[PDB]
Amino acid sequence: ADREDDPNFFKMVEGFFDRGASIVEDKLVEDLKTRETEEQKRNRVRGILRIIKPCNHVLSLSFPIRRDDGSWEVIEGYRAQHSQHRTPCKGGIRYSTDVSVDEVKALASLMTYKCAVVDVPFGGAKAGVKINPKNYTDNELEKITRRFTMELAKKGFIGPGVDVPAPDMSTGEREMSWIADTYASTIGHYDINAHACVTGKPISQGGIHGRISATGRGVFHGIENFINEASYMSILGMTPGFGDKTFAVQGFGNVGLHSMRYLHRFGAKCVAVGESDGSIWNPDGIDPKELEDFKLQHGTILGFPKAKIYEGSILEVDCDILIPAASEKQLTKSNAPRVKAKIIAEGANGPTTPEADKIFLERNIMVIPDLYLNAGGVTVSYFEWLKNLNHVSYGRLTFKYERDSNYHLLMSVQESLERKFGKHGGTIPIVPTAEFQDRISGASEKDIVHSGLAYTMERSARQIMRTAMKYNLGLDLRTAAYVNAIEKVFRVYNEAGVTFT
Amino acid sequence: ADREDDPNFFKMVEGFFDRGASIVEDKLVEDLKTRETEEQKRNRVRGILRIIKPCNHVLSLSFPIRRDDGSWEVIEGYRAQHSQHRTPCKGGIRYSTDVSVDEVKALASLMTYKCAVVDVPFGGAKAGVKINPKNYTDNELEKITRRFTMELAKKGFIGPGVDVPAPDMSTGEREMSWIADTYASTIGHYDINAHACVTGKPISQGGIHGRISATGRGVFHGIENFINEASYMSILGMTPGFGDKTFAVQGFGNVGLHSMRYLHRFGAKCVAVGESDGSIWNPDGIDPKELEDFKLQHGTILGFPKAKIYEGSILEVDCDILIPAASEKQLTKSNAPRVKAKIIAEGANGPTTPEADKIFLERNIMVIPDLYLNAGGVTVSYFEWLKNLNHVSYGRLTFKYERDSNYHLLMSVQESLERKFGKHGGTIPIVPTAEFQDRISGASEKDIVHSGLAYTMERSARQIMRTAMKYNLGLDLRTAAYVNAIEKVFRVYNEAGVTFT
Amino acid sequence: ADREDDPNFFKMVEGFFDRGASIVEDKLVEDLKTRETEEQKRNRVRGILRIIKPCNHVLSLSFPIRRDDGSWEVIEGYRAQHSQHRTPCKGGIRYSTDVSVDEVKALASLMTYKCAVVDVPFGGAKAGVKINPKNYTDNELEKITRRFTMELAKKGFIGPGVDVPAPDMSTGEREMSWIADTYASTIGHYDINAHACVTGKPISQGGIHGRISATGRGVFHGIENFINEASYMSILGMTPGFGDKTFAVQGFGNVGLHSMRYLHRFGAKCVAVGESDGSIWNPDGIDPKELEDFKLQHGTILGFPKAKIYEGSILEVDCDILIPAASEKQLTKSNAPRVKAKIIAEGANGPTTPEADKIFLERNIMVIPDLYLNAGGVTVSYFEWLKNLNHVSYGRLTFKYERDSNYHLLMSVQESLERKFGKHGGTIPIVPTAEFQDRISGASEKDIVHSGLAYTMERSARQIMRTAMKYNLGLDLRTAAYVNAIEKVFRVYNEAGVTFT
Amino acid sequence: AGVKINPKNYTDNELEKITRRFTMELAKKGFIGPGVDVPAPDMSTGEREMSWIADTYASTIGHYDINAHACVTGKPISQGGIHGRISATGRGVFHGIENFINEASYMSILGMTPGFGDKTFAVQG
Ligand SMILES: NC(=O)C1=CN([C@@H]2O[C@H](COP(=O)(O)OP(=O)(O)OC[C@H]3O[C@@H](n4cnc5c(N)ncnc54)[C@H](OP(=O)(O)O)[C@@H]3O)[C@@H](O)[C@H]2O)C=CC1
Ligand SMILES: NC(=O)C1=CN([C@@H]2O[C@H](COP(=O)(O)OP(=O)(O)OC[C@H]3O[C@@H](n4cnc5c(N)ncnc54)[C@H](OP(=O)(O)O)[C@@H]3O)[C@@H](O)[C@H]2O)C=CC1
Ligand SMILES: NC(=O)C1=CN([C@@H]2O[C@H](COP(=O)(O)OP(=O)(O)OC[C@H]3O[C@@H](n4cnc5c(N)ncnc54)[C@H](OP(=O)(O)O)[C@@H]3O)[C@@H](O)[C@H]2O)C=CC1
Ligand SMILES: Nc1nc2c(ncn2[C@@H]2O[C@H](COP(=O)(O)OP(=O)(O)OP(=O)(O)O)[C@@H](O)[C@H]2O)c(=O)[nH]1
Ligand SMILES: Nc1nc2c(ncn2[C@@H]2O[C@H](COP(=O)(O)OP(=O)(O)OP(=O)(O)O)[C@@H](O)[C@H]2O)c(=O)[nH]1
Ligand SMILES: Nc1nc2c(ncn2[C@@H]2O[C@H](COP(=O)(O)OP(=O)(O)OP(=O)(O)O)[C@@H](O)[C@H]2O)c(=O)[nH]1
Ligand SMILES: Nc1nc2c(ncn2[C@@H]2O[C@H](COP(=O)(O)OP(=O)(O)OP(=O)(O)O)[C@@H](O)[C@H]2O)c(=O)[nH]1
Ligand SMILES: O=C1Nc2ccc(I)cc2/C1=C\c1cc(Br)c(O)c(Br)c1
Ligand SMILES: O=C1Nc2ccc(I)cc2/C1=C\c1cc(Br)c(O)c(Br)c1
Ligand SMILES: O=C1Nc2ccc(I)cc2/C1=C\c1cc(Br)c(O)c(Br)c1
Ligand SMILES: O=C1Nc2ccc(I)cc2/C1=C\c1cc(Br)c(O)c(Br)c1
């Protein structure tokens, strides 16, 4: 909670949707399959948009757990399923005292739009358990996640084909592990796809390579796509590339840490890092790795030797790129005019209110929207889910076959040339480059995850760019993004007797 | 109605619970099976009470329906399951613009406590669809109930063993029929007990005799039990019996109409009847039957020839008994001091606020609580559910056998006497009385429903009376009732996964 | 065999496990994720190893079958499921009077360790029906396998995602066919993956290319990997390669016949073949093909014209390689000192006791362990299971696309060179080699089965070699193998469904 | 069924884990269900264990089964148990004995008088 300008998270998102819906409404009536074309078409389009906006299902739970002391404690949880236009609903689980019905629904709706933007065939969903993880033992957290799983499973809120959870705030591999085990040990004990019931699992329990760093990596790609445009960078008056760029990230968890690791890898330097207790700062930069070790060692960043405890909001720090990677509504009407940064990389979901958004546009600040920028998580979660359904690790059945084929292919040009140039040319060795040598056997799980995500982030970046052009949206990439998501979802709703006369 | 006595229906009920919980807390620690008796027992009791109070599950739905005009309309619905300490959850479905999450949860919790009071083995549940039935065609209402059914069925909110709905405001045999048919035609097409998925069904579709009039009949019995006590009636300064009693009922639907029919049958006379558009009045009384015909004929009571359009609130009319049989919170702090009547027969759920309750006690008004008085509905719904599971109509297999047995039994005393008194006594015909002649073949479906409900209402009336004595609750029958319900529900948690650390 | 050495097959295997477990215990505490590092970690490792060793489930059955004569006969069968750390349990079915609970459990545990060694995602299982196939008509064997299938299916011991059987002693395509049909015709009649319930099926019933010869082929590869090391071959004082090697195989069934076919293909010559009735012998070698025809013709090898009925144990024959491909414990303390051969290729499961193992090491005999050497069966069974789940024969959707692509790729270097060297160089035809021409369309089912198995056997061979180095195990490849299997199974328990941190 | 442990050497928390886990393993292999196999108490088990068993089955595999609680007997009366189930065996022992102890024919061969009134007995357990 802010104080002033702290919109109902759900209505806030509903606003972004509307903003984009009014922009594409014409094109939706344009290519609308109605026979009786007469602006009633315009009404049928509106009728469909009113279906998409609200969540279809919201399950509120209140269940008891036994503390390690012996006392019983009632704990509350929620799971919202926003859309089912794509069968398996998808969305993580958040553990924090801030979860409520409205937050879970806003987040659930962000999931469907983000999946749509990045072409992941999932309807959006989201869960939250209203507790503060820090105040519970590991034994208690397990009871909590496992019991929550059972309650969702009995009401149809988790299943490989109905709804697949994943991590979020204060949850990770560990919780995903308990969730999978509980589902597989009970309701899905006969299901050949029982372990595809949740993603973000540990690699040993059926998880996929780089899922933990997938979001930060996607953040790196999302930024990379726009930071090399020149066109956009000129409006912001910056030079393309990361090499001479500074950035500050609010959040040092799964998203922030890794976003930081990746930008730093490409020359950019982190001038500031923030957390709930405070922020640290250094104009000469901070190394993500020694900061991680200090965090793992002291349970905090404050007091890190090679930086100073910054005083005065990480969000207003001086930098080129600001990466809010914590919770929602961190950027509001009251602090927007003081952000300093030129690019806001939305790693978190809903970090800026529609009011800061207005201010940001007017100050010529580029805000790379969350429904695109942080989609790296679901994109790789989707690859994990796919891996579970296929029951083989990528390339296992083809490494040798491809390897031999590539050598015989190269041998084909070698023999063709030598026979064409005879003994006058001698042997003409056609050998793999060092680079191709690394790819001689074909893609591994890691290859697909890396190349697949890059492909996805770049492809979606283009569509967002192409749409912002067609509608002259300038630096309003958020509106361009929702236009794209709406176009896609609307599509499943229109086609033939699905919804028309 | 009201302005400043609109407490949250849910917190309101939670208050009643607490009121009773503090009264029985001692006895719950008394017969508590803890080994380590040391007021931590008192804490374990509190721990259990905190589990019972909140609803375990609440499903919120938002689904689209196609109007008869062609346009799509999103409609909202809810289904709360308060407790599962008794496997099949039980509760009706309300169609009104007043439904919301809090109303459905309050009503759901009233269901478990009422079932407990009247010994029906069901956990409480309740559904509400936020629409105004009058503004919809029958074709549209069907689409609505059927689609609502499918959405609940897929999330585990309807099933013979999980959750069994029934009628409530603006729903009846018809909706229950669509609900059963939808469930049976799909998810339960292989279930031998598919039709036990919902109660209040038409008798031709597996419904039970007198289910529609069961609530009014239970209202009659609930009142009858206290109106013949003398002890209670003296504190109220009234004579026992209905013969010289006047009453007014707010609500002329399934509950009110029949409550009216029954009281009138036993001499009491209805001086007033109310509805949403207004009320009618007649000191000499109103005949339930000619009023029903006028209602069926003109869609309203206003303008009924044999009564005058009363002017000025049905609740403040002059009578001995006031039967609120409409919606919740009709009796508040502002109109309580003007009720006139001595007995408030709570036919509806939650008709009086805790404030009116206080005023009512002080003015020596007896309020027969809803969780007891209107339990006639679930009691017979339970009989219906039982009938569906047994697949036979009551007595079908035994009518003839019992008939013959009774005659041979009577013949046994006849022959014994004649042989003992020889030809000196002649034939000594032992024949059934007129009354016994009606029962010679044993109970039919109708017999069980009538005798079973009477047995239930009377047995629960005694327990409420016995508890009000033991705790000196005077005319606070509501607190006595919750004490009874709590004692019972508590008793399942006490030995659930059992205790002894 | 032996009296002084005929250990309890299950304990025997449990010993091998322990032998390897003590060797890796340090590394398991090394990379152990416990926070509280203090040798209690060492205890947590031991706690996990004690979980892995015993079978989780063992089902014993006693069921009646009607003989062709008319009489009823009770027959006994067992199915042990050793581990479920990998969802689908995997393991064949043995028909022999030697099956018992302890044998089935030892075999079941060998399955998990072998799958682990060769990276097949299956928990180990094994079934045995205590009968002598020869004493039953085909009609009776069918009743037996089909009824055995139903009994396992009803208790959760067969299903595409719970437990997938395959052939073993005295069972093959035929039994696997009856098994699949029975499962699919009943319990799995609605399951899209019903036919993945069992492997080793006939190719027409959903089986996979080369599954029958897969084990012998894997035996060939397992041997090939070590027979070309020089390092190992020097310790044994032999020259690498098969070209000048003699071998004798005990067993002429699915494993022995094909192991023989393959070694013979690469120059090695079979000097002896054994069976239950006796053995044949020829210093100049025996042709696998004319021996198969004689066997198929006379139901035995004894009396084969081109060889002499050897007199005196096939296991003590004079050769370089001894391939025991029959039943367990054929090599014991009493005959080990007389094996003659330098390499023992364990085609069968458990052919040598821990005592012969000791003797074998001391005499510098290399024993290529069964959990690696015969893993060719499950490896290809896994490919079959995968094929059933994918519902397409390999390459069907891509043969043409790949073919065209390869020619356009080749055309790309051709046109690039011709345009670069103009009419001065003429046409520079870039054509596929003969070899590449065979691969121009990409891999077929047969290609994957062959290249996939080779890849697997070679990859596992390396890991076994790398581990034997790291722990200086010399020719104790068996201990190296168990170390690898344990490392893998323990990884799964490391993060595990629980969390201990 | 039998679980090879000595109840006395385990806390109540541990016994629960044990019975509940045992239930799940049996349920997944078809060894407990209202229509397949219904357990009950025996040596070192009673209402309590039967309660954990029912709850585990009902909370999981039988969550939709209208007869989920008929999966086990000897349950506490509050959890769906029946009157006098605990004393039912001893009561049946009384009846079984009563039937023969009043035969005269049998009691004469044993040279005893019918009835319990003048009889002594010792029970092991
Ligand atoms: N797979 C995923 O987890 C994905 C996450 N995301 C996005 O990233 C965010 C999730 O981060 P995860 O949930 O990944 O983060 P994790 O909980 O690890 O994040 C931990 C960090 O969040 C910080 N934080 C929380 N609140 C504040 C605050 N008010 N001010 C400063 N720092 C704060 C924490 O500080 P402290 O430790 O003191 O609480 C800590 O540094 C989400 O909002 C979501 O939209 C998007 C896609 C995928
Ligand atoms: N089986 C059952 O139905 C049971 C019902 N109950 C209780 O009784 C109530 C249900 O009545 P049902 O729902 O049975 O009634 P039905 O809809 O028939 O009741 C119809 C009557 O209610 C009147 N009414 C509604 N609101 C008001 C109001 N604000 N003021 C005056 N009259 C009003 C209607 O007038 P109009 O048509 O103009 O709106 C109409 O005459 C419930 O609240 C429930 O708690 C308890 C147990 C069982
Ligand atoms: N896919 C697979 O089938 C795999 C099998 N294996 C291993 O191979 C063995 C299975 O062979 P299958 O079961 O494949 O073989 P099949 O039954 O065909 O083997 C038949 C041959 O084994 C001979 N034989 C059996 N027992 C003895 C004995 N005690 N002494 C001498 N000769 C004997 C038989 O002679 P006769 O007919 O007169 O009895 C017969 O010629 C198993 O132990 C298993 O561990 C391992 C991995 C994969
Ligand atoms: N938290 C953290 N994780 C790391 C670090 N280095 C690597 N990883 C993690 O695991 C990778 C371990 O990766 P490898 O297989 O060597 O990774 P890679 O594909 O070259 O990794 P890229 O480095 O992902 O970022 C990432 O997915 C990270 O989640 C680190 O310094 N800190
Ligand atoms: N709405 C309404 N229903 C009535 C009336 N009288 C009887 N019923 C019916 O009670 C019916 C069948 O009643 P029997 O004929 O079986 O009824 P009953 O047992 O004599 O009814 P009671 O006298 O109230 O006990 C149901 O089908 C109701 O429709 C009435 O005056 N109005
Ligand atoms: N036992 C046996 N099986 C054979 C023989 N010839 C062919 N087969 C069977 O089918 C193969 C038919 O194989 P082809 O397509 O010609 O085999 P390859 O040419 O692909 O076969 P391999 O050399 O065994 O890899 C094997 O899988 C056998 O099961 C034979 O002489 N004996
Ligand atoms: N262990 C034990 N159980 C008893 C004893 N007395 C009664 N029970 C109980 O039998 C109970 C209820 O018994 P009642 O209805 O009062 O027994 P009766 O009065 O029907 O009992 P009996 O005289 O034994 O036939 C169960 O809850 C058992 O605990 C007793 O002295 N010892
Ligand atoms: O299936 C399960 N395996 C488990 C291992 C450890 C623990 I702690 C719980 C489980 C589990 C199921 C489970 C199921 C429910 Br219903 C529940 O409330 C809890 Br607590 C656990
Ligand atoms: O199973 C069903 N039988 C029906 C008969 C008439 C009608 I109108 C609907 C049904 C029905 C299922 C049904 C299911 C869903 Br889904 C739905 O939105 C609607 Br309209 C109906
Ligand atoms: O499901 C089944 N399909 C069959 C086809 C032919 C035959 I012979 C048997 C089956 C069969 C099931 C089956 C099941 C059991 Br019981 C049994 O004892 C047998 Br003889 C057969
Ligand atoms: O369904 C279940 N409800 C529970 C409540 C408390 C506890 I401790 C366990 C359960 C439970 C299921 C359960 C299931 C499994 Br499989 C298991 O190993 C354990 Br331990 C528990």
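By the numbers in Swiss-Prot, the shown part of chain C spans 58-558.
The deposited model was determined using X-ray crystallography, 2.5 Å.
Placement of Cβ uses the backbone N, Cα and C atoms for every residue, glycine included.
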Among the residues C:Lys98, C:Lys415, which does Swiss-Prot list with the feature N6-acetyllysine? C:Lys415
Pick from C:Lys147, C:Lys191, C:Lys200, C:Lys457: which one does Swiss-Prot list with C:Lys171, C:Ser438 for the same substrate site? C:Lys147
Annotated residue, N6-succinyllysine, per Swiss-Prot; candidates C:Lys84, C:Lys212: C:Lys84
Taking Cα atoms as reference points, rank the recorded positions C:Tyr135, C:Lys171, C:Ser270, C:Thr410 by distance from C:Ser450 (ADP binding site) and give the first. C:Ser270
Do you know which of the recorded positions C:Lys346, C:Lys477, C:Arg516 has the most other C-beta atoms within 10 angstroms of its C-beta? C:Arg516
For substrate, residues beyond C:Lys147, C:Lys171, C:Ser438 with C-beta within 8 angstroms of the site's Cβ centre include exactly C:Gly148, C:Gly149, C:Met168, C:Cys172, C:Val177, C:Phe179, C:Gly181, C:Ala223, C:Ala432, C:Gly434, C:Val435, C:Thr436, C:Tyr439
Excluding near sequence neighbours, so keeping only residues 6 or more apart in the same chain, what lies with its CB under 8 A of C:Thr410 (phosphothreonine)? C:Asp59, C:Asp62, C:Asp63, C:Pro64, C:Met69, C:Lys386, C:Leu388, C:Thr389, C:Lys390
By a 10 Å Cβ neighbour count, the lowest-scoring of the recorded positions C:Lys211, C:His266, C:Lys390 is C:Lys211
Could you state the CA-to-CA distance between C:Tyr135 (phosphotyrosine) and C:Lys183 (active site) to the nearest Å? 8
Taking Cβ atoms only, which of the recorded positions C:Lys147, C:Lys183, C:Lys211, C:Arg322, C:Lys457, C:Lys480 fall under 8 Å from chain D? C:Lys211
Cβ packing number for C:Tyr135 (phosphotyrosine), 10 Å threshold: 24
By CA-CA distance, flag whichever of C:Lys147, C:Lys171, C:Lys477, C:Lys480 among the recorded positions is nearest to C:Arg516 (ADP binding site). C:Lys171
Report, in whole Å, the straight Cα-to-Cα distance of C:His266 (GTP binding site) from C:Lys457 (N6-malonyllysine). 21
Using C:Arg322 (GTP binding site) as the reference point, find which of the modified residues C:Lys191, C:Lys211, C:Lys480 has the shortest Cα-to-Cα distance to it. C:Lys191
With the fewest other Cβ atoms within 10 Å, the residue among the recorded positions C:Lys147, C:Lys191, C:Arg322 is C:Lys191
Sparsest Cβ surroundings (other CB atoms within 10 Å) among the binding-site residues C:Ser270, C:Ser438, C:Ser450: C:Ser450
Select, from C:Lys147, C:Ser270, C:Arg322, C:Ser438, C:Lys457, each of the recorded positions with a Cβ positioned under 6 A from at least one atom of ligand 6; if none does, say none. C:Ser270
Coarse DSSP state, helix versus strand versus coil, of C:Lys191 (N6-acetyllysine): helix
